[PDB]
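Trainee: Take a look at the following structure, please.
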Amino acid sequence: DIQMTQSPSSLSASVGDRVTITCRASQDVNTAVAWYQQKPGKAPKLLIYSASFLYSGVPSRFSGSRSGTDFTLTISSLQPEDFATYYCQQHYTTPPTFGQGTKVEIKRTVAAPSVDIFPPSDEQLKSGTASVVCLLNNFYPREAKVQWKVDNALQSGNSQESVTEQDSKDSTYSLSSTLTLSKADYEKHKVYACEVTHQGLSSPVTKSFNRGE
Amino acid sequence: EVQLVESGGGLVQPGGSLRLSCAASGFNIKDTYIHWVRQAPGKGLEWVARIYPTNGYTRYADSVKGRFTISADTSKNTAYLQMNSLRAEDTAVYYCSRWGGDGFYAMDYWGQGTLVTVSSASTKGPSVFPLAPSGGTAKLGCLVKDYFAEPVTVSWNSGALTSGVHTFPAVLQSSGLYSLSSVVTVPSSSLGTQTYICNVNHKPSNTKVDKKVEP
């Protein structure tokens, strides 16, 4: 069983950069190596077949190269839509086998979150649960600290974050932090605060609401 | 146009069975090989099985050998993956693809993929709760809550609105049910004059809900 050892497993590169991804076959595979680009939650797209041939319709900034058992995919100038996980696959023998993929993030300038806070909807408290939703929008880099304060007290364990995939044009992230409380609990505190620390923010921005207003 | 359309994914108990389909248009499956390739959550691509529909010669990755059967029917131009004895590790998006029988000896077209979830938990439809839009810019959303299994598709205004939409990846809560929020950014001058709905759809529970969002 031929193994395709792919490196790096992930990388960050600025738009316009040259990017090379390497696959090493564990035995001679001749030219029977394919390269695929997979946007998250999409079918892989074929970029290169027979180790060096541009599949029709793929932009010209993609190219593939072979040096013995070493295969290289190159992107000559990186575009933001090239954010994806790239896979090489060999089909010399059976089973055709993939490298473990390379996740390509676009490095861009610092962009501070715009942060909003949402109170639970009235239908939600009717059903007996309270979800406060804090929304950080269009920020780069991914690293961010979302903090919940209720009545000026630090929460822990009752919240959960979710980050979008990198936007294919501006390369920013978006994040939702949701506080889950029992309806009784939500009805037993007044101040609901979301305070976000991010590199693009000089001081943490806190966005609050007051229950029932 | 060459197309491979899959169906048959869903929720299966450990030990259970599920039959996927991969329906082809724009060519003949008898002309090529058909593969199944799967991607477990946050993992890489894993080849699963292949078939030559003209003779039914089949090959299998060892981790599904015995448990899975690939097959095709050339009169429906469709191929099938019958899975049995599904275990939790089999949970993955299953793609089909075709081998480059014409020219390029590679996987050139693919299905959209179908999610298979091996878990003891039971189906549950979500509840859809507006995110209230509380002069610059303003944002408003729909909170889809407490469902199983994945996925839910949500569109805004029956699909008409697409810009500034941010549908977050589903997150699994301690209860064992998924929750997500889908939020849009809107011009302030449009508030009220333009009315906003989300079309939450959760096919495993026949849940189609449109919830208007207003101030």
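Labels for the structure tokens follow display order: chains A, B, ..., residues from 1 in each chain, ligands from 1.
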Please report, as a Markdown table, each residue of chain B lying at most 8 Å from chain A, together with the nearest pair of atoms and the separation in Å rounded to one decimal; use only C-alpha atoms, and order rows by chain and ascending residue number.
Mentor:
| residue | atom | partner | partner_atom | distance |
| --- | --- | --- | --- | --- |
| B:43 | CA | A:100 | CA | 7.9 |
| B:44 | CA | A:100 | CA | 5.4 |
| B:45 | CA | A:98 | CA | 6.4 |
| B:46 | CA | A:98 | CA | 6.9 |
| B:47 | CA | A:97 | CA | 6.6 |
| B:60 | CA | A:95 | CA | 7.8 |
| B:61 | CA | A:95 | CA | 6.6 |
| B:95 | CA | A:43 | CA | 7.2 |
| B:104 | CA | A:49 | CA | 6.4 |
| B:105 | CA | A:49 | CA | 7.2 |
| B:106 | CA | A:49 | CA | 6.2 |
| B:107 | CA | A:46 | CA | 6.9 |
| B:108 | CA | A:46 | CA | 5.7 |
| B:109 | CA | A:45 | CA | 7.7 |
| B:110 | CA | A:43 | CA | 6.2 |
| B:111 | CA | A:43 | CA | 6.7 |
| B:112 | CA | A:43 | CA | 5.5 |
| B:113 | CA | A:43 | CA | 6.7 |
| B:129 | CA | A:121 | CA | 6.3 |
| B:130 | CA | A:121 | CA | 6.1 |
| B:131 | CA | A:118 | CA | 6.4 |
| B:132 | CA | A:118 | CA | 6.7 |
| B:134 | CA | A:118 | CA | 7.6 |
| B:166 | CA | A:164 | CA | 7.3 |
| B:167 | CA | A:164 | CA | 7.5 |
| B:168 | CA | A:164 | CA | 5.5 |
| B:169 | CA | A:162 | CA | 6.3 |
| B:170 | CA | A:162 | CA | 7.6 |
| B:171 | CA | A:162 | CA | 6.8 |
| B:181 | CA | A:176 | CA | 7.8 |
Trainee: Output N, CA and C atoms for every residue in that selection, as a tab-separated table (two decimals), in the first residue's frame.
Mentor:
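Written file, out22.tsv:
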chain	number	residue	atom	x	y	z
B	43	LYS	N	-11.15	15.20	8.79
B	43	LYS	CA	-10.10	14.30	8.37
B	43	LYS	C	-9.90	14.42	6.85
B	44	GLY	N	-8.99	13.60	6.33
B	44	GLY	CA	-8.61	13.66	4.93
B	44	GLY	C	-9.52	12.81	4.07
B	45	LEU	N	-9.17	12.73	2.80
B	45	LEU	CA	-9.93	11.86	1.90
B	45	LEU	C	-9.48	10.42	2.08
B	46	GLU	N	-10.42	9.49	1.96
B	46	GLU	CA	-10.15	8.07	2.15
B	46	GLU	C	-10.87	7.35	1.03
B	47	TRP	N	-10.12	6.66	0.17
B	47	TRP	CA	-10.77	5.87	-0.86
B	47	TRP	C	-11.54	4.73	-0.21
B	60	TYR	N	-12.02	-2.98	-2.88
B	60	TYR	CA	-12.42	-2.42	-1.60
B	60	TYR	C	-11.21	-2.08	-0.75
B	61	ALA	N	-11.26	-0.92	-0.12
B	61	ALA	CA	-10.37	-0.66	1.00
B	61	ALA	C	-10.63	-1.68	2.11
B	95	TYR	N	-18.55	10.74	-0.96
B	95	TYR	CA	-18.57	11.17	-2.35
B	95	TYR	C	-18.44	9.97	-3.28
B	104	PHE	N	-7.67	11.86	-19.30
B	104	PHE	CA	-7.06	12.07	-17.99
B	104	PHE	C	-7.37	10.95	-17.01
B	105	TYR	N	-6.37	10.18	-16.59
B	105	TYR	CA	-6.62	8.99	-15.77
B	105	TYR	C	-6.80	9.37	-14.30
B	106	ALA	N	-7.75	10.27	-14.05
B	106	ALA	CA	-7.94	10.86	-12.74
B	106	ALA	C	-9.43	11.01	-12.46
B	107	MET	N	-9.75	11.36	-11.21
B	107	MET	CA	-11.11	11.60	-10.74
B	107	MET	C	-11.52	13.03	-11.11
B	108	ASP	N	-12.19	13.18	-12.24
B	108	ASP	CA	-12.47	14.49	-12.81
B	108	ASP	C	-13.83	15.05	-12.44
B	109	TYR	N	-14.86	14.22	-12.30
B	109	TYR	CA	-16.12	14.69	-11.76
B	109	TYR	C	-16.44	13.94	-10.48
B	110	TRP	N	-17.20	14.61	-9.60
B	110	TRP	CA	-17.55	14.13	-8.28
B	110	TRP	C	-19.02	14.43	-7.99
B	111	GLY	N	-19.62	13.61	-7.15
B	111	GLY	CA	-20.90	13.96	-6.58
B	111	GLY	C	-20.73	15.05	-5.54
B	112	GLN	N	-21.86	15.59	-5.10
B	112	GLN	CA	-21.84	16.61	-4.06
B	112	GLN	C	-21.53	16.03	-2.68
B	113	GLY	N	-21.63	14.72	-2.51
B	113	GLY	CA	-21.40	14.08	-1.23
B	113	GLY	C	-22.68	13.95	-0.43
B	129	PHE	N	-35.69	30.35	15.77
B	129	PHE	CA	-35.93	31.45	16.70
B	129	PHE	C	-35.28	32.70	16.13
B	130	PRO	N	-36.01	33.80	15.92
B	130	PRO	CA	-35.40	34.98	15.29
B	130	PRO	C	-34.29	35.57	16.16
B	131	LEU	N	-33.27	36.11	15.49
B	131	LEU	CA	-32.26	36.94	16.15
B	131	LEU	C	-32.62	38.39	15.87
B	132	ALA	N	-33.11	39.07	16.91
B	132	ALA	CA	-33.81	40.34	16.77
B	132	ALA	C	-32.88	41.46	16.30
B	134	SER	N	-31.67	44.48	16.71
B	134	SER	CA	-31.63	45.64	17.60
B	134	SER	C	-31.02	46.86	16.90
B	166	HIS	N	-23.97	34.91	6.82
B	166	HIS	CA	-22.92	34.16	7.52
B	166	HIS	C	-23.64	33.05	8.28
B	167	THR	N	-23.69	31.86	7.68
B	167	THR	CA	-24.30	30.69	8.32
B	167	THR	C	-23.20	29.90	9.02
B	168	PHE	N	-23.26	29.86	10.34
B	168	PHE	CA	-22.12	29.31	11.06
B	168	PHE	C	-22.12	27.78	11.03
B	169	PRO	N	-20.95	27.16	11.14
B	169	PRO	CA	-20.90	25.70	11.22
B	169	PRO	C	-21.68	25.22	12.43
B	170	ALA	N	-22.38	24.11	12.27
B	170	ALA	CA	-23.15	23.57	13.39
B	170	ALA	C	-22.20	23.15	14.49
B	171	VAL	N	-22.58	23.45	15.73
B	171	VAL	CA	-21.81	23.08	16.91
B	171	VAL	C	-22.66	22.13	17.74
B	181	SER	N	-26.46	29.30	14.23
B	181	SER	CA	-27.12	30.55	13.91
B	181	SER	C	-26.69	30.98	12.52
Trainee: List the neighbours of residue B:14 out to 8 Å using only C-alpha atoms; skip same-chain residues closer than 2 positions along the sequence, and give me the result as number ranges by chain.
Mentor: B: 12, 16, 85-88, 118-120
Trainee: Check the smallest atom-to-atom distance from each of A:80, A:200, A:16, A:212 to residue A:166 using only C-alpha atoms, then report the winner.
Mentor: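 Closest candidate: A:80.
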Trainee: Per DSSP on the backbone, what are the strand (DSSP E) residues of stretch 14-130 of chain A, as JSON, numbers by chain?
Mentor: {"A": [14, 19, 20, 21, 22, 23, 24, 25, 33, 34, 35, 36, 37, 38, 45, 46, 47, 48, 49, 53, 54, 62, 63, 64, 65, 66, 67, 70, 71, 72, 73, 74, 75, 84, 85, 86, 87, 88, 89, 90, 97, 98, 102, 103, 104, 105, 106, 107, 114, 115, 116, 117, 118, 129, 130]}
Trainee: So how far away is atom CA of residue A:111 from atom CA of residue A:152, in Å?
Mentor: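 Separation of atom CA of residue A:152 and atom CA of residue A:111: 27.8 Å.
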Trainee: Identify which of the residues A:3, A:22, A:114, A:156 lies closest to residue A:139, counting only C-alpha atoms when measuring atom-to-atom distances.
Mentor: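 Ranked by minimum distance to residue A:139, first place goes to A:114.
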Trainee: Pick out each residue of stretch 57-205 of chain A that DSSP on the backbone tags as alpha helix (DSSP H); I need them as a list in words.
Mentor: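 Alpha helix (DSSP H) assignments inside stretch 57-205 of chain A correspond to residues 122, 123, 124, 125, 126, 183, 184, 185 and 186 of chain A.
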Trainee: Please save N, CA, C and O atoms of the selected residues as a compact mmCIF listing (two decimals), in the first residue's frame.
Mentor:
# COMPACT_ATOMS: atom_id res chain seq x y z
N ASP A 122 -38.43 35.86 22.10
CA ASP A 122 -39.55 35.58 23.01
C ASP A 122 -40.08 34.16 22.86
O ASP A 122 -40.51 33.56 23.85
N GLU A 123 -40.06 33.62 21.63
CA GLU A 123 -40.45 32.23 21.43
C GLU A 123 -39.50 31.29 22.15
O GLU A 123 -39.92 30.21 22.58
N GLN A 124 -38.23 31.68 22.31
CA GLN A 124 -37.27 30.81 22.98
C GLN A 124 -37.57 30.69 24.47
O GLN A 124 -37.55 29.59 25.02
N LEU A 125 -37.86 31.81 25.14
CA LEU A 125 -38.18 31.70 26.56
C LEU A 125 -39.51 31.00 26.79
O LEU A 125 -39.69 30.34 27.82
N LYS A 126 -40.45 31.12 25.85
CA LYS A 126 -41.69 30.35 25.95
C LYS A 126 -41.38 28.85 26.10
O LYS A 126 -41.93 28.18 26.98
N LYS A 183 -34.18 29.16 31.31
CA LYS A 183 -35.02 30.36 31.34
C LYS A 183 -35.05 30.99 32.73
O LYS A 183 -34.96 32.21 32.87
N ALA A 184 -35.16 30.15 33.76
CA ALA A 184 -35.12 30.65 35.13
C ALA A 184 -33.84 31.45 35.37
O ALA A 184 -33.89 32.60 35.84
N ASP A 185 -32.70 30.87 35.02
CA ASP A 185 -31.42 31.54 35.24
C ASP A 185 -31.35 32.88 34.53
O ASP A 185 -31.00 33.90 35.14
N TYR A 186 -31.67 32.90 33.23
CA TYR A 186 -31.67 34.16 32.50
C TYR A 186 -32.56 35.19 33.18
O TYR A 186 -32.24 36.38 33.18
Trainee: Can you tell me, as JSON, numbers by chain, what residues are no more than 7 Å from residue A:210 when counting only C-alpha atoms, ignoring any on the same chain fewer than 2 positions away?
Mentor: {"A": [190, 191, 192, 208, 212, 213]}
Trainee: Produce a file of the selected residues containing C-alpha atoms, as a PDB file, in the first residue's frame.
Mentor:
ATOM      1  CA  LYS A 190     -30.000  41.721  34.790  1.00  0.00           C
ATOM      2  CA  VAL A 191     -26.804  42.720  32.915  1.00  0.00           C
ATOM      3  CA  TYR A 192     -25.676  40.634  29.924  1.00  0.00           C
ATOM      4  CA  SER A 208     -24.147  44.781  26.812  1.00  0.00           C
ATOM      5  CA  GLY A 212     -36.513  43.244  29.313  1.00  0.00           C
ATOM      6  CA  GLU A 213     -35.545  46.634  27.862  1.00  0.00           C
TER       7      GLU A 213
END
Trainee: Quick one: of B:199, B:13, B:25, B:117, who's nearest to residue B:211, counting only C-alpha atoms?
Mentor: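 Looking at the shortest contact to residue B:211, the residue is B:199.
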Trainee: With only C-alpha atoms as the counted atoms, please give the residues lying no more than 12 Å from residue B:29, apart from itself and same-chain residues fewer than 3 positions off, as an mmCIF file with N, CA, C and O atoms, in the first residue's frame.
Mentor:
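Now in selection.cif:
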data_model
loop_
_atom_site.group_PDB
_atom_site.id
_atom_site.type_symbol
_atom_site.label_atom_id
_atom_site.label_comp_id
_atom_site.auth_asym_id
_atom_site.auth_seq_id
_atom_site.Cartn_x
_atom_site.Cartn_y
_atom_site.Cartn_z
ATOM 1 N N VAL B 2 -21.779 16.688 -17.563
ATOM 2 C CA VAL B 2 -21.525 15.483 -16.782
ATOM 3 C C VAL B 2 -21.869 15.765 -15.332
ATOM 4 O O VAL B 2 -21.421 16.766 -14.758
ATOM 5 N N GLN B 3 -22.655 14.878 -14.732
ATOM 6 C CA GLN B 3 -23.129 15.111 -13.379
ATOM 7 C C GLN B 3 -23.263 13.788 -12.641
ATOM 8 O O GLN B 3 -23.661 12.778 -13.225
ATOM 9 N N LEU B 4 -22.920 13.800 -11.356
ATOM 10 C CA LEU B 4 -23.034 12.631 -10.490
ATOM 11 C C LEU B 4 -23.820 13.080 -9.277
ATOM 12 O O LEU B 4 -23.337 13.915 -8.509
ATOM 13 N N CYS B 22 -25.464 6.843 -6.444
ATOM 14 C CA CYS B 22 -24.690 7.826 -7.194
ATOM 15 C C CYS B 22 -25.220 7.748 -8.621
ATOM 16 O O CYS B 22 -24.852 6.838 -9.372
ATOM 17 N N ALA B 23 -26.128 8.665 -8.958
ATOM 18 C CA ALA B 23 -26.808 8.685 -10.245
ATOM 19 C C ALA B 23 -26.064 9.611 -11.179
ATOM 20 O O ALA B 23 -25.780 10.762 -10.822
ATOM 21 N N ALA B 24 -25.769 9.116 -12.375
ATOM 22 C CA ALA B 24 -24.926 9.810 -13.336
ATOM 23 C C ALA B 24 -25.766 10.311 -14.498
ATOM 24 O O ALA B 24 -26.628 9.588 -15.001
ATOM 25 N N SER B 25 -25.497 11.532 -14.946
ATOM 26 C CA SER B 25 -26.050 12.015 -16.202
ATOM 27 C C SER B 25 -24.930 12.599 -17.060
ATOM 28 O O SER B 25 -23.850 12.942 -16.570
ATOM 29 N N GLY B 26 -25.198 12.700 -18.357
ATOM 30 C CA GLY B 26 -24.241 13.304 -19.258
ATOM 31 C C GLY B 26 -23.163 12.371 -19.766
ATOM 32 O O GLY B 26 -22.230 12.834 -20.437
ATOM 33 N N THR B 32 -16.650 3.773 -17.767
ATOM 34 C CA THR B 32 -15.657 4.305 -16.834
ATOM 35 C C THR B 32 -15.657 3.466 -15.560
ATOM 36 O O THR B 32 -16.350 2.450 -15.470
ATOM 37 N N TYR B 33 -14.846 3.876 -14.582
ATOM 38 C CA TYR B 33 -14.948 3.362 -13.225
ATOM 39 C C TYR B 33 -15.672 4.374 -12.353
ATOM 40 O O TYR B 33 -15.559 5.584 -12.558
ATOM 41 N N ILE B 34 -16.408 3.865 -11.370
ATOM 42 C CA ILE B 34 -17.075 4.685 -10.371
ATOM 43 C C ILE B 34 -16.458 4.355 -9.022
ATOM 44 O O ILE B 34 -16.315 3.179 -8.668
ATOM 45 N N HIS B 35 -16.079 5.388 -8.281
ATOM 46 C CA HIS B 35 -15.461 5.246 -6.974
ATOM 47 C C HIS B 35 -16.369 5.802 -5.880
ATOM 48 O O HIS B 35 -17.239 6.644 -6.129
ATOM 49 N N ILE B 51 -15.789 0.258 -8.739
ATOM 50 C CA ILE B 51 -16.462 -0.733 -9.574
ATOM 51 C C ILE B 51 -16.296 -0.345 -11.036
ATOM 52 O O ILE B 51 -16.267 0.837 -11.389
ATOM 53 N N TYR B 52 -16.212 -1.364 -11.893
ATOM 54 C CA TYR B 52 -16.276 -1.214 -13.344
ATOM 55 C C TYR B 52 -17.645 -1.686 -13.822
ATOM 56 O O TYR B 52 -17.879 -2.898 -13.944
ATOM 57 N N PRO B 53 -18.580 -0.781 -14.103
ATOM 58 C CA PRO B 53 -19.987 -1.205 -14.236
ATOM 59 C C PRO B 53 -20.232 -2.150 -15.394
ATOM 60 O O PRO B 53 -21.265 -2.828 -15.405
ATOM 61 N N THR B 54 -19.316 -2.219 -16.365
ATOM 62 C CA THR B 54 -19.483 -3.121 -17.502
ATOM 63 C C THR B 54 -19.367 -4.585 -17.095
ATOM 64 O O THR B 54 -20.052 -5.442 -17.663
ATOM 65 N N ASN B 55 -18.530 -4.900 -16.117
ATOM 66 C CA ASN B 55 -18.412 -6.273 -15.656
ATOM 67 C C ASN B 55 -18.671 -6.429 -14.170
ATOM 68 O O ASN B 55 -18.800 -7.564 -13.698
ATOM 69 N N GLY B 56 -18.753 -5.336 -13.421
ATOM 70 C CA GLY B 56 -18.930 -5.457 -11.996
ATOM 71 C C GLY B 56 -17.698 -5.900 -11.258
ATOM 72 O O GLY B 56 -17.816 -6.460 -10.167
ATOM 73 N N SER B 71 -21.800 -1.706 -6.214
ATOM 74 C CA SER B 71 -22.560 -2.315 -7.304
ATOM 75 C C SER B 71 -23.085 -1.212 -8.205
ATOM 76 O O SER B 71 -23.157 -0.046 -7.810
ATOM 77 N N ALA B 72 -23.449 -1.593 -9.426
ATOM 78 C CA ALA B 72 -24.012 -0.637 -10.364
ATOM 79 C C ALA B 72 -25.141 -1.284 -11.152
ATOM 80 O O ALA B 72 -25.230 -2.508 -11.263
ATOM 81 N N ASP B 73 -26.018 -0.430 -11.684
ATOM 82 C CA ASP B 73 -27.070 -0.822 -12.616
ATOM 83 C C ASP B 73 -26.951 0.078 -13.832
ATOM 84 O O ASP B 73 -27.084 1.301 -13.716
ATOM 85 N N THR B 74 -26.680 -0.513 -14.991
ATOM 86 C CA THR B 74 -26.362 0.309 -16.151
ATOM 87 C C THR B 74 -27.600 0.813 -16.880
ATOM 88 O O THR B 74 -27.467 1.657 -17.773
ATOM 89 N N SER B 75 -28.790 0.333 -16.519
ATOM 90 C CA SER B 75 -30.029 0.835 -17.097
ATOM 91 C C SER B 75 -30.581 2.060 -16.371
ATOM 92 O O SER B 75 -31.355 2.821 -16.968
ATOM 93 N N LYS B 76 -30.244 2.250 -15.096
ATOM 94 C CA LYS B 76 -30.509 3.504 -14.408
ATOM 95 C C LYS B 76 -29.314 4.438 -14.433
ATOM 96 O O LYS B 76 -29.400 5.551 -13.899
ATOM 97 N N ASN B 77 -28.198 3.993 -15.021
ATOM 98 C CA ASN B 77 -26.942 4.731 -15.006
ATOM 99 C C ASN B 77 -26.593 5.174 -13.592
ATOM 100 O O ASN B 77 -26.213 6.323 -13.348
ATOM 101 N N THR B 78 -26.732 4.256 -12.649
ATOM 102 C CA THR B 78 -26.533 4.569 -11.246
ATOM 103 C C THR B 78 -25.659 3.491 -10.611
ATOM 104 O O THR B 78 -25.703 2.320 -11.009
ATOM 105 N N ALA B 79 -24.845 3.898 -9.633
ATOM 106 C CA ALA B 79 -24.076 2.957 -8.832
ATOM 107 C C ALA B 79 -24.464 3.117 -7.370
ATOM 108 O O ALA B 79 -24.965 4.161 -6.961
ATOM 109 N N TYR B 80 -24.192 2.073 -6.587
ATOM 110 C CA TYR B 80 -24.673 1.938 -5.225
ATOM 111 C C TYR B 80 -23.551 1.501 -4.299
ATOM 112 O O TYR B 80 -22.669 0.729 -4.688
ATOM 113 N N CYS B 96 -19.069 10.074 -4.431
ATOM 114 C CA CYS B 96 -18.734 9.210 -5.537
ATOM 115 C C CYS B 96 -17.985 10.029 -6.574
ATOM 116 O O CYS B 96 -18.015 11.260 -6.557
ATOM 117 N N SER B 97 -17.278 9.339 -7.458
ATOM 118 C CA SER B 97 -16.621 10.019 -8.559
ATOM 119 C C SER B 97 -16.430 9.025 -9.680
ATOM 120 O O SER B 97 -16.671 7.819 -9.532
ATOM 121 N N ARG B 98 -16.023 9.548 -10.821
ATOM 122 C CA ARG B 98 -15.754 8.706 -11.967
ATOM 123 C C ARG B 98 -14.276 8.788 -12.282
ATOM 124 O O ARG B 98 -13.632 9.817 -12.068
ATOM 125 N N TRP B 99 -13.742 7.663 -12.716
ATOM 126 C CA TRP B 99 -12.385 7.580 -13.214
ATOM 127 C C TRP B 99 -12.313 8.156 -14.617
ATOM 128 O O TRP B 99 -13.267 8.080 -15.396
ATOM 129 N N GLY B 100 -11.169 8.737 -14.942
ATOM 130 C CA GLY B 100 -11.044 9.345 -16.245
ATOM 131 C C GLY B 100 -10.936 8.303 -17.333
ATOM 132 O O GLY B 100 -9.868 8.129 -17.928
ATOM 133 N N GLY B 101 -12.034 7.586 -17.583
ATOM 134 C CA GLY B 101 -12.057 6.649 -18.691
ATOM 135 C C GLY B 101 -11.745 7.311 -20.017
ATOM 136 O O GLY B 101 -11.143 6.692 -20.900
ATOM 137 N N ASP B 102 -12.134 8.578 -20.172
ATOM 138 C CA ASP B 102 -11.818 9.369 -21.356
ATOM 139 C C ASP B 102 -10.646 10.291 -21.029
ATOM 140 O O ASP B 102 -10.813 11.294 -20.326
#
Trainee: Name all residues at most 6 Å from residue B:82 (count only C-alpha atoms; drop same-chain ones fewer than 2 positions away) and give them as an NGL selection string.
Mentor: :B and (19 or 68-69)
Trainee: Smallest atom-to-atom distance to residue A:199: which of A:182, A:138, A:153, A:113, using only C-alpha atoms?
Mentor: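 Closest candidate: A:113.
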